[PDB]
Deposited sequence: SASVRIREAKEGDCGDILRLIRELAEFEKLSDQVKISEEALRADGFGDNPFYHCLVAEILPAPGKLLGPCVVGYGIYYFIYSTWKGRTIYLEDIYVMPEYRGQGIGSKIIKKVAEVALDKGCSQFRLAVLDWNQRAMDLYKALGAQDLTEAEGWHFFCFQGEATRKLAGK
């Protein structure tokens, strides 16, 4: 059986290995020391769940953080989304999504956001199934980003 639970400092080794998996999947910094140094400390800027089979081992993760929307109020942003290849399509990806849903309400967040890769069609179809809205296509939102000098200039 599988259980989606909040992560503990003890899972930071597995989480680091899963961060290097998902990104390799998405194609393009944070050592274990970094994970504990912020993800738990006392002033966490981000938290997460660790899909764990019950020998008991970490088989995927979901990390999120609290952001803000001017239409509803307390929002939740679900960043990284990844399940081990052998363990996909068997309900785990959704259980992580549902858990993020529970945390949202429990924390006064009625809605939740996230970004998605265009070629990553399967996931998009997953999110749409569970009720998500592709605001990029349903409204026209175009993510935009500055890096280094670009931000320096923007700042005037």
Going by C-alpha coordinates, which parts of the deposited sequence are missing from this model?
1 to 2, 31 to 34, 61 to 67, 170
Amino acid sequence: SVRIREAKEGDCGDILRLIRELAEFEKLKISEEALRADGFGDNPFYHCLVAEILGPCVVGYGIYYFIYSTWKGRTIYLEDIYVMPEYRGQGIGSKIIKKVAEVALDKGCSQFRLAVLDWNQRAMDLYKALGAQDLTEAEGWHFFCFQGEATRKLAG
From here on, numbers count along this sequence of modelled residues.
Looking at the entry, does 65 to 73 or 105 to 113 show the higher mean C-alpha B-factor?
105 to 113
29 to 37 set against 87 to 95, stretch whose average Cα temperature factor tops the other in the entry
29 to 37
Of the options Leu54, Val100, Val50, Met124, which has the highest CA B factor as deposited?
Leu54
Tell me, lowest, middle or highest third: where does the Cα B factor of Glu139 rank within its chain?
highest
Could you tell me which third, lowest, middle or highest, the C-alpha B-factor of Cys12 occupies within its chain?
middle
How does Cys145 rank on Cα B-factor within its chain, lowest, middle or highest third?
highest
Can you tell me which third, lowest, middle or highest, the CA B-factor of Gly131 falls into for its chain?
middle
